[PDB]
Amino acid sequence: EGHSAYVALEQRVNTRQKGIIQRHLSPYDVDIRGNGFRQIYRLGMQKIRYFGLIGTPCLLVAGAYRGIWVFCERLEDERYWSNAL
Amino acid sequence: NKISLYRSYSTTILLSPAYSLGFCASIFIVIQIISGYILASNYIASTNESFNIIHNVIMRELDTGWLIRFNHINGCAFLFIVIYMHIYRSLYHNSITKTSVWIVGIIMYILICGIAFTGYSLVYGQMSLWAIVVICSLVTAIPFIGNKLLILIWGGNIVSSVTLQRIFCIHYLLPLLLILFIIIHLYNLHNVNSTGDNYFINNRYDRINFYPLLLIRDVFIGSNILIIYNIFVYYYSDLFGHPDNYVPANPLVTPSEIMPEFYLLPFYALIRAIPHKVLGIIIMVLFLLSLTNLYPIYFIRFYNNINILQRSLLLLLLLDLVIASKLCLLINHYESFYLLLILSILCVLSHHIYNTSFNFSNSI
Amino acid sequence: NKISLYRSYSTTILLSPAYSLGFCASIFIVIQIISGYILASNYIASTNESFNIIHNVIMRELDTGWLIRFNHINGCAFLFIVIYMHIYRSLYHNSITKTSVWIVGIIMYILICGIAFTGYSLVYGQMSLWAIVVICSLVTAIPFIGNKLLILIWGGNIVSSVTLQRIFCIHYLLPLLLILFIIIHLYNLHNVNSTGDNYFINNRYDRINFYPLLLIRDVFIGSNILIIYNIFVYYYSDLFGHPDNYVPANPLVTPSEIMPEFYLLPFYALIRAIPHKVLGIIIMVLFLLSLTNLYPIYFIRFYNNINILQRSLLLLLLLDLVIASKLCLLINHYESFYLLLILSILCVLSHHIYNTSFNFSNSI
Amino acid sequence: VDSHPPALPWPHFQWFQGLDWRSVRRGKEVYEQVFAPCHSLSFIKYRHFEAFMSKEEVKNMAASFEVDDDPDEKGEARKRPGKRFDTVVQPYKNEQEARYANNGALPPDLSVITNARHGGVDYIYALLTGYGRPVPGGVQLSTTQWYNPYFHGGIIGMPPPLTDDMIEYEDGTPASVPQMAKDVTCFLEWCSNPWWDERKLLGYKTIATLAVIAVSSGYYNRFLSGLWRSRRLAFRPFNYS
Amino acid sequence: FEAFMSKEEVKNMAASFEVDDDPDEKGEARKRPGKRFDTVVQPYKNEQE
Amino acid sequence: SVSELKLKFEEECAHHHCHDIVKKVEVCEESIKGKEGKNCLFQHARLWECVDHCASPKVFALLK
Amino acid sequence: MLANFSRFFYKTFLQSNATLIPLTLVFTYXXXXXXXXXXXXXXXXXXXXXXXXXXXXXXXXXXXXXXXXX
Amino acid sequence: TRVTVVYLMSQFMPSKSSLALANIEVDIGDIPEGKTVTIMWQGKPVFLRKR
Ligand code: HEC
Ligand code: HEM
Ligand code: HEM
Ligand code: HEM
Ligand code: HEM
């Protein structure tokens, strides 16, 4: 791990770290249900908003393609029903 | 020294469940390797015994030879599904910055397409024979040395027993090279580490040990995806296939519609949307070569971030590929779908993966 | 940086031409891989049409399928000759000190013996069938599972096309594992370097660049070895084989004498010199396991020098092995040679490769 | 394009349900008495029938036919009554012969037929109960051609194979055309997939076991993530004016 | 045999024999004169004989 | 017998759920009279696809 | 909750692999291989019993005997 | 793991066909004393003699 590209990068870029205090609890003292429903709600809402954002162009283009698909499908149905093939 | 085992490799904490797709693909590679080795131990490659030895010996003389065959088929299909999800995630999170990992992955993708095609050729059925014929007709369009080349590929003017035997040797050989390339894939990744949901440069205090947390997450996601996989093995065994491949090959008869497997359809579209055969070959080669990142080499290039516009365009690319596959299958009877087929193919060919910083410059 | 290429790895100046045996072995591994891949692309494994497609389709319909087959046979023979010389050299210069290199080498030797056996089985001739029968009968002596295991291995009570198909798949697969183990062999060697004629601890001023001097020496020695090898491919094409293998196998008829290939005879001797079957199997396993250096594991051990007495005893080992092979094949008509066969086997089993410093100590 | 077969509720397309085996028995009867001389089952052996038939019944059925035997002591050919291990009798010697007995058409092998056609079982049913319809205008039918809207192209070379009361079922069920079509379709579904019930059962077992593993491993993953999901950070401040 | 004989001689030699042909319209069996690409005629029908 | 019920169901379904298809196929029958190389295979296939959606299942429920 | 029972259960079975391994083998056999597997098997056999292969064979033998008496 | 290993191994067991020709039964009440009769079994002809 010490001879890895990401370790080399962190040594080149980051300074010698100082003044950082981390606190960790053992999993036997942490409840798996502790922050469950709140996180479910928050993440669901976030993903709903984000997909509503980034999905709009796809929705618009899919609507245009659906219009074209309907037109072509009924054109070909009319062609087949009149022996015009 | 168990501690030394824990700390031999550390990753970011932002590995969402979407980062187990590589492990799922590994599971399916293992399944394909084992099932294929068991099948090959009961397989004879010839035009007089191949189709029979699959449906009359493998699937009816053994206890669960049918189960082994269904595993092989549906494992191929699910391997392709998982690999497509893997690629889509890599594009979504701007993982092209992992240059070694990306190049090895593209090589593996091309290899896996080749493996799937050659394997589908081994069931000497109607679809297998006529897919071989169509692809080789693509081959013979090469200027100058095409026809001779075709003969060398077939060992004759038609597909025959020697053709099946060489295809069998290729199908056996390639997956092991794929295994080596997977090893290289993982070696490069462990050299550069994983992106995660967001890209950060972390010191050892911000990273976590890979073992055993991520192995347990991989087991969990793998069991879920194996449930989904086995739903198809036992209850939709023939959903990822065409029934005409259960008809023994008839060189004198061509099927009504020759259609490849769902995971090769996009490539097939690139051939139907380009009228000139030579131009189609050239465009396919350029497409495959352009998925890579082998140019520039000695010009300074670096990678910037990705944004919401790019993510939305990626979703659009997915839509266009799906539409192109369906339409390229539909154009056989209805000729008015050429408009939408060509439109979708042109849209696919004009998708930006890497934002060229060279877009902006000044003239002398 | 061409200079960086020259200095990437350096070795000792005391590399006599005897240190090209590994390169020659790699040459014959390459030849075997290529010729075997060409043969397997024209091969059908089945008792009905195996012997026929080797002798009637591969040899007589292709342009030089006969030459491919002869290359493959004599390449196996010469690969074993070169490996035996390689082992003899490594014992002569006390190369058991390269612990990792030696252990990988022994694993590779076992793999190659298996590859040779499974390959010889594929020619469904009299010798192949009855060598399989004898070996699998030796399998039948295991306590409490000999018949269940034998049935599992053969797929039935008798050798058949399923057995041929298993053997074909194993013969195809094993050489690729062999290539991986060759890569590991060379990796370890580069880690610990070579011995040369004598062992010295040299600084960089006493070592020479490996490339291109030793590459050119390898080319020269390989050229001479290939001349010698081709004198057999073209003029003595069946010197190492047995004519009874040019007879299609009859399960109802047993050959007068069942003799394996000349590179397995020593093992066969161990079987013939031990009247009890279980004891013979135990001795075979112990022999193969004692060739390795996996014990002691945590006790402190180190290797001292080698001397003229040990080299003379090494010559004696060679003599005993050769005589044991010849006698093992002679004893089928001449009963009095059992004495000399047993004597040679006993002399072989009590040969000291590693002189243990634990031979001298005191008591509490 | 041709008519799309309707989707019908088959007993083996149901929850927790497999082949009827009564339809399979009756379809075996219809196979023996109707299309044995025309179509072939290259993959089915007499011993395969020891799944809905008794051992002695299978033995007698096998002995009811004749099979090639090893040549005589003088090399003369021989015939021999069939056994359990022999494949069922072929109806024709070679394709040409078949084509000669069917006015140029070649009846295909029905060993995997339900797997070889789009919407297999339904299609076969729709094929057999579709023969009497009026011929469309502008279509010229030979004396050995028939109009079936479900066949590819609408014209087929197979004469209507099923008629009412043609077969006397052993269990007493009336043998109408739809009934016989249903029974032969079930029998051919069994022929194509003789592993239906074992496949469904293994599916249930595997899904259950994987579900247990998934629940347990998901709990353990959530447990191990607790160490990091609750981590806390603090930065010692600088000295700023 | 076209290695120490001529094409015409080998053609006559092959045509001197009768080789099994593919069945006729009504099935059955046919025999046709030999040709260059045909294997030499077997002396016995089967091992027993 | 079940065949008579099958014919009755086919007639009912044709005249109650595929009446427009029946009218269309009657229209196309007139068109091809005189024209050379024209057939009503497609229209009749559509008609018998529409009819069997409703007629076929019912009959399939009346048999054991 | 269940402090005393938790201590007892941990000290008895879970503290040592000499007992945890036998416990998990017991769970594998008696609660997965003969409880889910065999149970689903029995349930499947019970639901589909009027159409069973055994039933078909029995009815067949009966009808054959009945026909042989004529 | 146990069932998977057993299943992969079971792919290498004798085929049902080979398990059908392994056992045959002959009627010994047909051969009189001192007469030898030849039959077929697994290809190899078999002599049954009323010694
Ligand atoms: C008179 C002999 C004869 C009988 C009896 C007969 N068939 Fe056929 N069958 C044929 C012929 C000939 C064909 C070939 C049709 C073609 O290719 O045009 C055929 C074709 C078929 C097909 C192929 C349809 C397709 O889509 O290719 C099926 C399925 C079939 N028959 C099933 C059956 C069943 C089930 C029965 C018993 C009810 C049966 N046949 C009875 C002669 C027969
Ligand atoms: C060394 C590993 C492999 C071996 C020995 C092997 C061997 C075989 C054999 C013998 C067949 C023909 C038997 C049959 O069709 O059921 C086959 C079919 C096939 N294989 Fe593989 N295979 C291997 C790996 C793979 C991989 C990695 C893939 C890709 C996912 C793959 C895809 C296929 C496909 C698609 C078929 C045809 C599916 C079908 O029968 O319809 N194989 N393989
Ligand atoms: C056999 C198919 C493949 C397998 C088994 C495979 C396996 C893996 C594995 C195990 C990882 C690390 C775990 C992860 O991050 O998901 C990974 C990462 C990655 N793979 Fe693949 N891969 C495959 C195909 C591909 C393909 C076709 C590409 C496209 C070039 C690709 C590109 C990547 C990238 C970019 C990453 C790192 C993503 C990141 O962390 O930022 N892989 N792969
Ligand atoms: C993947 C590489 C290889 C493949 C695909 C392969 C394939 C085959 C095949 C198909 C045969 C049967 C055809 C014949 O007998 O002429 C054969 C024979 C044989 N192979 Fe290989 N082989 C490979 C590598 C090796 C290696 C490394 C050895 C080691 C010496 C070996 C030793 C033999 C032997 C001794 C025979 C039988 C010799 C004989 O024909 O009399 N093969 N091999
Ligand atoms: C596939 C067969 C083998 C190949 C291709 C192979 C290849 C090589 C090569 C290239 C070297 C380094 C160059 C040289 O010193 O000649 C080497 C060294 C060596 N090999 Fe092997 N080898 C093979 C089998 C074995 C076996 C069976 C052993 C027995 C244990 C063995 C033991 C050694 C040792 C001890 C050395 C180092 C000798 C020294 O420098 O003192 N090799 N081998």
# chains A, B, ... in the order shown; residues from 1 in each chain; ligands from 1

$ residues_around --residues "range 136-141 of chain C" --least-positions-apart "2" --cutoff "10 Å" --atoms "only C-alpha atoms" --output "mmCIF file with N, CA and C atoms, in the first residue's frame"
data_model
loop_
_atom_site.group_PDB
_atom_site.id
_atom_site.type_symbol
_atom_site.label_atom_id
_atom_site.label_comp_id
_atom_site.auth_asym_id
_atom_site.auth_seq_id
_atom_site.Cartn_x
_atom_site.Cartn_y
_atom_site.Cartn_z
ATOM 1 N N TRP C 130 -4.929 -49.353 -22.772
ATOM 2 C CA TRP C 130 -4.534 -50.266 -21.712
ATOM 3 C C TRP C 130 -3.637 -49.605 -20.674
ATOM 4 N N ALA C 131 -2.913 -48.546 -21.036
ATOM 5 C CA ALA C 131 -2.256 -47.737 -20.018
ATOM 6 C C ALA C 131 -3.280 -47.082 -19.102
ATOM 7 N N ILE C 132 -4.360 -46.540 -19.675
ATOM 8 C CA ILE C 132 -5.430 -46.003 -18.840
ATOM 9 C C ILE C 132 -5.973 -47.086 -17.924
ATOM 10 N N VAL C 133 -6.207 -48.279 -18.469
ATOM 11 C CA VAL C 133 -6.792 -49.350 -17.668
ATOM 12 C C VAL C 133 -5.891 -49.681 -16.487
ATOM 13 N N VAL C 134 -4.588 -49.817 -16.734
ATOM 14 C CA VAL C 134 -3.669 -50.189 -15.659
ATOM 15 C C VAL C 134 -3.621 -49.101 -14.591
ATOM 16 N N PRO C 143 -8.259 -47.552 0.129
ATOM 17 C CA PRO C 143 -9.185 -48.147 1.103
ATOM 18 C C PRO C 143 -10.507 -47.395 1.174
ATOM 19 N N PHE C 144 -11.598 -48.155 1.120
ATOM 20 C CA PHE C 144 -12.955 -47.693 1.400
ATOM 21 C C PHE C 144 -13.544 -46.817 0.301
ATOM 22 N N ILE C 145 -12.714 -46.302 -0.602
ATOM 23 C CA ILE C 145 -13.205 -45.767 -1.864
ATOM 24 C C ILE C 145 -12.169 -46.047 -2.939
ATOM 25 N N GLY C 146 -12.335 -47.142 -3.667
ATOM 26 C CA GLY C 146 -11.579 -47.337 -4.883
ATOM 27 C C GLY C 146 -12.517 -47.499 -6.051
ATOM 28 N N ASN C 147 -13.650 -48.148 -5.795
ATOM 29 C CA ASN C 147 -14.597 -48.432 -6.862
ATOM 30 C C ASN C 147 -15.523 -47.252 -7.100
ATOM 31 N N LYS C 148 -15.981 -46.603 -6.032
ATOM 32 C CA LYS C 148 -16.765 -45.386 -6.200
ATOM 33 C C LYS C 148 -15.947 -44.327 -6.924
ATOM 34 N N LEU C 149 -14.709 -44.122 -6.479
ATOM 35 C CA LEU C 149 -13.846 -43.131 -7.106
ATOM 36 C C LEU C 149 -13.504 -43.520 -8.537
ATOM 37 N N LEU C 150 -13.241 -44.802 -8.788
ATOM 38 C CA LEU C 150 -12.932 -45.220 -10.149
ATOM 39 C C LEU C 150 -14.116 -44.992 -11.078
ATOM 40 N N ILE C 151 -15.326 -45.312 -10.622
ATOM 41 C CA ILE C 151 -16.506 -45.078 -11.443
ATOM 42 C C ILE C 151 -16.673 -43.591 -11.711
ATOM 43 N N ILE C 153 -14.346 -41.353 -11.858
ATOM 44 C CA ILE C 153 -13.296 -40.900 -12.764
ATOM 45 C C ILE C 153 -13.598 -41.325 -14.195
ATOM 46 N N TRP C 154 -13.949 -42.592 -14.392
ATOM 47 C CA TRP C 154 -14.188 -43.101 -15.735
ATOM 48 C C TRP C 154 -15.553 -42.729 -16.287
ATOM 49 N N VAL C 159 -13.763 -47.569 -20.134
ATOM 50 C CA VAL C 159 -13.348 -46.367 -20.844
ATOM 51 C C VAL C 159 -14.231 -46.187 -22.070
ATOM 52 N N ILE C 271 5.905 -49.085 -9.167
ATOM 53 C CA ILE C 271 4.713 -49.917 -9.074
ATOM 54 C C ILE C 271 5.086 -51.388 -9.172
ATOM 55 N N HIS C 276 2.571 -55.126 -2.882
ATOM 56 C CA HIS C 276 1.315 -54.677 -2.301
ATOM 57 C C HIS C 276 0.870 -53.385 -2.971
ATOM 58 N N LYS C 277 -0.385 -53.352 -3.418
ATOM 59 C CA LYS C 277 -0.870 -52.202 -4.176
ATOM 60 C C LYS C 277 -0.983 -50.957 -3.304
ATOM 61 N N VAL C 278 -1.545 -51.092 -2.104
ATOM 62 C CA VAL C 278 -1.681 -49.932 -1.229
ATOM 63 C C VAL C 278 -0.310 -49.399 -0.850
ATOM 64 N N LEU C 279 0.625 -50.296 -0.539
ATOM 65 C CA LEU C 279 1.975 -49.860 -0.213
ATOM 66 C C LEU C 279 2.623 -49.166 -1.402
ATOM 67 N N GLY C 280 2.369 -49.657 -2.614
ATOM 68 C CA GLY C 280 2.900 -48.991 -3.791
ATOM 69 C C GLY C 280 2.355 -47.587 -3.962
ATOM 70 N N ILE C 281 1.051 -47.412 -3.750
ATOM 71 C CA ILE C 281 0.460 -46.078 -3.852
ATOM 72 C C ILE C 281 1.045 -45.157 -2.789
#

$ residues_near_ligand --ligand "ligand 3" --cutoff "7 Å" --atoms "only C-alpha atoms and all ligand atoms" --output "JSON, numbers by chain"
{"B": [19, 20, 21, 22, 23, 25, 26, 29, 83, 86, 87, 90, 93, 95, 96, 98, 101, 102, 103, 104, 105, 106, 108, 109, 182, 185, 186, 189, 193, 194, 195, 196]}

$ write_last_selection --atoms "N, CA and C atoms" --output "tab-separated table (two decimals), in the first residue's frame"
chain	number	residue	atom	x	y	z
B	19	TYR	N	-21.09	-0.10	-6.13
B	19	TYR	CA	-19.70	-0.45	-6.39
B	19	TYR	C	-19.42	-1.93	-6.19
B	20	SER	N	-20.46	-2.77	-6.11
B	20	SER	CA	-20.30	-4.21	-6.08
B	20	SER	C	-20.53	-4.86	-7.44
B	21	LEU	N	-20.76	-4.06	-8.48
B	21	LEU	CA	-21.01	-4.63	-9.80
B	21	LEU	C	-19.80	-5.39	-10.33
B	22	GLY	N	-18.60	-4.94	-9.99
B	22	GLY	CA	-17.42	-5.72	-10.35
B	22	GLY	C	-17.42	-7.09	-9.70
B	23	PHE	N	-17.82	-7.16	-8.43
B	23	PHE	CA	-17.89	-8.46	-7.77
B	23	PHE	C	-18.97	-9.34	-8.38
B	25	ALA	N	-19.93	-9.26	-11.52
B	25	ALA	CA	-19.36	-9.74	-12.77
B	25	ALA	C	-18.36	-10.85	-12.53
B	26	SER	N	-17.58	-10.76	-11.45
B	26	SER	CA	-16.67	-11.84	-11.10
B	26	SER	C	-17.42	-13.13	-10.79
B	29	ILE	N	-18.48	-14.59	-14.04
B	29	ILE	CA	-17.35	-15.17	-14.75
B	29	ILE	C	-17.01	-16.54	-14.19
B	83	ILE	N	-22.14	-6.19	-16.76
B	83	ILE	CA	-21.04	-5.42	-17.34
B	83	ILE	C	-21.55	-4.10	-17.90
B	86	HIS	N	-21.98	-1.88	-15.00
B	86	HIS	CA	-20.64	-1.49	-14.57
B	86	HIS	C	-20.11	-0.34	-15.42
B	87	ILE	N	-20.22	-0.46	-16.74
B	87	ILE	CA	-19.76	0.59	-17.64
B	87	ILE	C	-20.55	1.87	-17.43
B	90	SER	N	-19.39	3.56	-14.38
B	90	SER	CA	-18.07	4.14	-14.59
B	90	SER	C	-18.16	5.45	-15.36
B	93	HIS	N	-19.74	8.31	-12.92
B	93	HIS	CA	-18.85	8.84	-11.90
B	93	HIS	C	-17.53	9.33	-12.46
B	95	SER	N	-15.15	7.86	-14.16
B	95	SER	CA	-14.07	6.94	-13.83
B	95	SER	C	-13.08	6.77	-14.97
B	96	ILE	N	-13.23	7.52	-16.06
B	96	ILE	CA	-12.25	7.48	-17.13
B	96	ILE	C	-10.91	8.03	-16.66
B	98	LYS	N	-9.30	6.93	-14.25
B	98	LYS	CA	-8.52	5.72	-13.97
B	98	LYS	C	-8.14	5.11	-15.31
B	101	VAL	N	-7.22	1.27	-15.60
B	101	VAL	CA	-8.38	0.44	-15.33
B	101	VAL	C	-9.34	0.51	-16.51
B	102	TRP	N	-9.55	1.70	-17.06
B	102	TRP	CA	-10.47	1.86	-18.17
B	102	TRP	C	-9.99	1.13	-19.42
B	103	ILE	N	-8.71	1.26	-19.76
B	103	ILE	CA	-8.23	0.60	-20.97
B	103	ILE	C	-8.34	-0.92	-20.83
B	104	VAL	N	-7.95	-1.46	-19.68
B	104	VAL	CA	-8.05	-2.90	-19.49
B	104	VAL	C	-9.51	-3.34	-19.55
B	105	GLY	N	-10.41	-2.52	-19.01
B	105	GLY	CA	-11.82	-2.86	-19.06
B	105	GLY	C	-12.36	-2.92	-20.48
B	106	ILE	N	-11.96	-1.97	-21.32
B	106	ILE	CA	-12.43	-1.99	-22.71
B	106	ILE	C	-11.91	-3.23	-23.43
B	108	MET	N	-11.26	-6.07	-22.07
B	108	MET	CA	-12.06	-7.18	-21.57
B	108	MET	C	-13.44	-7.21	-22.20
B	109	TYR	N	-14.04	-6.04	-22.42
B	109	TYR	CA	-15.36	-5.99	-23.03
B	109	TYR	C	-15.34	-6.56	-24.44
B	182	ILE	N	-8.76	-9.84	-16.17
B	182	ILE	CA	-9.43	-9.44	-14.94
B	182	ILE	C	-8.40	-9.24	-13.83
B	185	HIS	N	-6.84	-5.98	-14.44
B	185	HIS	CA	-7.82	-4.97	-14.06
B	185	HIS	C	-7.74	-4.67	-12.57
B	186	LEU	N	-7.78	-5.73	-11.76
B	186	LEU	CA	-7.76	-5.54	-10.31
B	186	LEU	C	-6.42	-5.02	-9.83
B	189	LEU	N	-6.41	-1.34	-10.47
B	189	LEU	CA	-7.31	-0.65	-9.56
B	189	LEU	C	-6.68	-0.51	-8.18
B	193	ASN	N	-6.72	2.73	-6.62
B	193	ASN	CA	-7.84	2.81	-5.69
B	193	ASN	C	-9.14	3.20	-6.38
B	194	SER	N	-10.24	3.19	-5.63
B	194	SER	CA	-11.58	3.39	-6.17
B	194	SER	C	-12.04	4.83	-5.99
B	195	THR	N	-12.89	5.29	-6.91
B	195	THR	CA	-13.37	6.67	-6.85
B	195	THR	C	-14.33	6.88	-5.68
B	196	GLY	N	-15.32	6.01	-5.54
B	196	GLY	CA	-16.41	6.25	-4.62
B	196	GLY	C	-17.46	7.15	-5.24

$ closest_atom_pairs --of "chain D" --to "chain A" --cutoff "7 Å" --atoms "only C-alpha atoms" --output "JSON lines"
{"residue": "D:222", "atom": "CA", "partner": "A:32", "partner_atom": "CA", "distance": 6.3}
{"residue": "D:223", "atom": "CA", "partner": "A:32", "partner_atom": "CA", "distance": 6.0}
{"residue": "D:224", "atom": "CA", "partner": "A:27", "partner_atom": "CA", "distance": 6.3}
{"residue": "D:226", "atom": "CA", "partner": "A:27", "partner_atom": "CA", "distance": 5.2}
{"residue": "D:227", "atom": "CA", "partner": "A:27", "partner_atom": "CA", "distance": 5.1}
{"residue": "D:230", "atom": "CA", "partner": "A:24", "partner_atom": "CA", "distance": 7.0}
{"residue": "D:231", "atom": "CA", "partner": "A:24", "partner_atom": "CA", "distance": 5.0}
{"residue": "D:232", "atom": "CA", "partner": "A:23", "partner_atom": "CA", "distance": 5.0}
{"residue": "D:233", "atom": "CA", "partner": "A:22", "partner_atom": "CA", "distance": 4.8}
{"residue": "D:234", "atom": "CA", "partner": "A:21", "partner_atom": "CA", "distance": 5.0}
{"residue": "D:235", "atom": "CA", "partner": "A:20", "partner_atom": "CA", "distance": 5.0}
{"residue": "D:236", "atom": "CA", "partner": "A:19", "partner_atom": "CA", "distance": 5.1}

$ write_last_selection --atoms "N, CA, C and O atoms" --output "compact mmCIF listing (two decimals), in the first residue's frame"
# COMPACT_ATOMS: atom_id res chain seq x y z
N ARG D 222 -24.78 -4.21 7.77
CA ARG D 222 -25.27 -3.04 8.49
C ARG D 222 -24.57 -2.90 9.83
O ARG D 222 -24.27 -1.79 10.27
N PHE D 223 -24.33 -4.02 10.50
CA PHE D 223 -23.65 -3.98 11.80
C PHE D 223 -22.23 -3.46 11.66
O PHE D 223 -21.79 -2.61 12.45
N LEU D 224 -21.49 -3.95 10.67
CA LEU D 224 -20.10 -3.54 10.51
C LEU D 224 -19.99 -2.09 10.06
O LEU D 224 -19.01 -1.42 10.39
N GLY D 226 -21.64 0.28 11.19
CA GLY D 226 -21.93 1.17 12.29
C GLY D 226 -20.71 1.91 12.78
O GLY D 226 -20.80 3.05 13.23
N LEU D 227 -19.55 1.27 12.71
CA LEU D 227 -18.32 1.90 13.16
C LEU D 227 -18.05 3.20 12.41
O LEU D 227 -17.63 4.19 13.00
N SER D 230 -21.06 6.44 12.25
CA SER D 230 -21.18 7.30 13.43
C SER D 230 -19.86 7.97 13.79
O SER D 230 -19.73 8.50 14.89
N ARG D 231 -18.90 7.98 12.88
CA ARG D 231 -17.61 8.60 13.15
C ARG D 231 -17.76 10.10 13.35
O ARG D 231 -18.66 10.73 12.78
N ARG D 232 -16.89 10.67 14.17
CA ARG D 232 -16.93 12.09 14.46
C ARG D 232 -15.55 12.70 14.29
O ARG D 232 -14.54 12.07 14.58
N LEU D 233 -15.53 13.96 13.84
CA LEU D 233 -14.31 14.70 13.54
C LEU D 233 -14.29 16.01 14.31
O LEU D 233 -15.33 16.60 14.59
N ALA D 234 -13.08 16.45 14.65
CA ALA D 234 -12.89 17.73 15.30
C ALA D 234 -11.54 18.29 14.89
O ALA D 234 -10.54 17.57 14.89
N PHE D 235 -11.52 19.57 14.52
CA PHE D 235 -10.30 20.23 14.08
C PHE D 235 -9.91 21.27 15.12
O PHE D 235 -10.73 22.11 15.50
N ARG D 236 -8.67 21.19 15.59
CA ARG D 236 -8.19 22.17 16.55
C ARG D 236 -7.99 23.50 15.85
O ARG D 236 -7.28 23.56 14.84

$ interface_residues --of "chain F" --to "chain D" --cutoff "8 Å" --atoms "only C-alpha atoms" --output "MDAnalysis selection string"
chainID F and resid 1:3 29 32:33 37:42 44:46 48:49 52:53 56:57 59:60 63:64

$ residues_near_ligand --ligand "ligand 4" --cutoff "7 Å" --atoms "only C-alpha atoms and all ligand atoms" --output "PyMOL selection string"
chain C and resi 29+32-34+36-37+39-40+43+54+69+72-73+75-77+79+112+115-117+119-123+168+171-173+175-176+241

$ residues_near_ligand --ligand "ligand 1" --cutoff "9 Å" --atoms "only C-alpha atoms and all ligand atoms" --output "PyMOL selection string"
chain D and resi 30-31+33-39+98-99+101-110+113-114+117+123-125+127-128+145+150-152+155-162+180-181+184-185+188

$ residues_around --residues "range 16-22 of chain F" --least-positions-apart "5" --cutoff "9 Å" --atoms "only C-alpha atoms" --output "list in words"
residues 11, 27, 43, 44, 46, 47, 50, 51 and 54 of chain F

$ closest_residue --among "C:251, C:270, C:50, C:353" --to "ligand 5" --atoms "only C-alpha atoms and all ligand atoms"
C:353

$ closest_residue --among "B:126, B:94, B:325, B:357" --to "ligand 2" --atoms "only C-alpha atoms and all ligand atoms"
B:126

$ closest_atom_pairs --of "chain C" --to "chain B" --cutoff "7 Å" --atoms "only C-alpha atoms" --output "CSV"
residue,atom,partner,partner_atom,distance
C:40,CA,B:169,CA,6.8
C:41,CA,B:166,CA,4.5
C:42,CA,B:165,CA,6.0
C:44,CA,B:44,CA,6.2
C:45,CA,B:44,CA,6.8
C:162,CA,B:42,CA,6.2
C:165,CA,B:41,CA,5.1
C:166,CA,B:41,CA,4.8
C:169,CA,B:41,CA,6.0

$ select_by_dssp --residues "chain H" --states "alpha helix (DSSP H)" --output "list in words"
residues 2, 3, 4, 5, 6, 7, 8, 9, 10, 18, 19, 20 and 21 of chain H

$ interface_residues --of "chain B" --to "chain D" --cutoff "10 Å" --atoms "only C-alpha atoms" --output "PyMOL selection string"
chain B and resi 13+52+55-57+59-60+63-64+66-67+207-208+212-235+237-238+242-248+256+333

$ residues_around --residues "residue 18 in chain E" --least-positions-apart "2" --cutoff "6 Å" --atoms "only C-alpha atoms" --output "list in words"
residues 32, 33 and 34 of chain E

$ write_last_selection --atoms "N, CA, C and O atoms" --output "compact mmCIF listing (two decimals), in the first residue's frame"
# COMPACT_ATOMS: atom_id res chain seq x y z
N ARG E 32 -23.38 -45.95 -57.63
CA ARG E 32 -22.84 -45.20 -58.74
C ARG E 32 -21.38 -45.57 -58.94
O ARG E 32 -20.71 -46.02 -58.01
N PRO E 33 -20.85 -45.39 -60.16
CA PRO E 33 -19.43 -45.67 -60.38
C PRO E 33 -18.56 -44.77 -59.51
O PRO E 33 -18.91 -43.63 -59.21
N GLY E 34 -17.41 -45.29 -59.12
CA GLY E 34 -16.52 -44.54 -58.27
C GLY E 34 -15.96 -43.30 -58.95
O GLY E 34 -16.06 -43.13 -60.17
